[PDB]
């Protein structure tokens, strides 16, 4: 019978480092490394699943952890890793957006084209977990990305946001158009080159994405992959996050200078306070230049501006 365990990053590092002669070539999808001992084969996977196979499977698994449970499961491609496996090494466009959940500022869509020969360099600037990085790391890392690799951006400013919103276009459609138009910018800009893949982080079902574009003059469909959590599929998507997050921050700085008041991230209580102060200091109509007006926050803020 086979044995399975869930290893934390520390257990994975140990298993890798322990057995002299770890194999990393021609493995199933998701597999980090494999060990062939006598009467057991060991396979470790990106998700932390670790498979022990052979006669000596229960005893070898017990070398690491207590209460290893037997399992029919086999040392095989992981579904979650079929895309990464196939895609991770291509030359690829990735796209991501930022600012959807912020009361103040635009939605920024960014796309980055990362040709094969530039994958490693971009991976070296430390792009994994582009959500972990604070703003000051975004500021140091993004300019380096932009300078190494072609990219495009589309900023939905607030007056344009508010005007699309009030004509009944939801954030889901906004994002589709912005993604679609940024990809057009980037496909054009790198031509005659052509990306082997184009990867969009999945914010809606793929049926819905394209259905939303059908009025567009120019639709990028050839070789478009919608993918969950796509920044673990290809480095171009992470580089697109980072670039998007950098332009947003710029927009927010410009926008803070124009409004005369520092605009906080998010949609929590300080944003209500900030808006109320804009109202008092600048008129309610200033919000149309800098706020996503349909948010709950506007009504919260109007109340505050009035009370005293």
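Numbering follows the first chain given and starts at 1.
93 to 101 versus 163 to 171 - which carries the larger mean C-alpha B factor in the record | Result of the comparison: 163 to 171.
Looking at the entry, does 108 to 116 or 197 to 205 show the higher mean C-alpha B-factor?
-> Per the deposited B-factors, the answer is 197 to 205.
So among 182, 158, 86, 132, who wins on Cα B-factor in the entry?
-> Highest CA B-factor of the listed options: 132.
Going by the deposited entry, which of 214, 80, 236, 154 has the highest CA temperature factor?
-> That would be 214.
Modelled-residue ranking by C-alpha temperature factor, third containing residue 254 = Residue 254: CA B-factor falls in the middle third of its chain.
Hey, what third does residue 280 fall into on Cα B-factor, ranked over its chain?
-> For residue 280, the deposited C-alpha B-factor lands in the middle third.
What third of its chain, lowest, middle or highest, does the C-alpha temperature factor of residue 30 fall into?
-> Ranked within chain, residue 30 CA B lands in the middle tercile.
Lowest, middle or highest third: where is residue 243 by Cα B-factor in its chain?
-> For residue 243, the deposited C-alpha B-factor lands in the lowest third.
For residue 262, the third of its chain into which the C-alpha B factor falls = Lowest third of the chain for residue 262's C-alpha B-factor.
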